[PDB]
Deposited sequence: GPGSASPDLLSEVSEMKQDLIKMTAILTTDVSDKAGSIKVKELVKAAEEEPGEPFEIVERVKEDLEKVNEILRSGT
């Protein structure tokens, strides 16, 4: 649905913002368009499986930022 795509687009923008906060990359050479396209082609599994992995990774990042470790 277009609402699912718009929520994922907003998540992508959130991750760009987090990248800008966390990076020390001093035209953002650390972000490679060819790596992003390859990853969009090759990430395995249906959307539900990818979402479960994304959620696990976000819970890990949240724990680092809240607890400090």
Next item on the list: Quickly check which stretches of the deposited sequence aren't in the model, judged by C-alpha, and list them in order.
Entry: 1-5, 32-33
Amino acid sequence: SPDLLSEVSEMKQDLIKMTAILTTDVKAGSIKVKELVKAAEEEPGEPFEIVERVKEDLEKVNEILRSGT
From here on, numbers count along this sequence of modelled residues.
Check: Out of 45-53 and 10-18, which one has CA B-factors that are higher on average in the deposited record?
Finding: 45-53
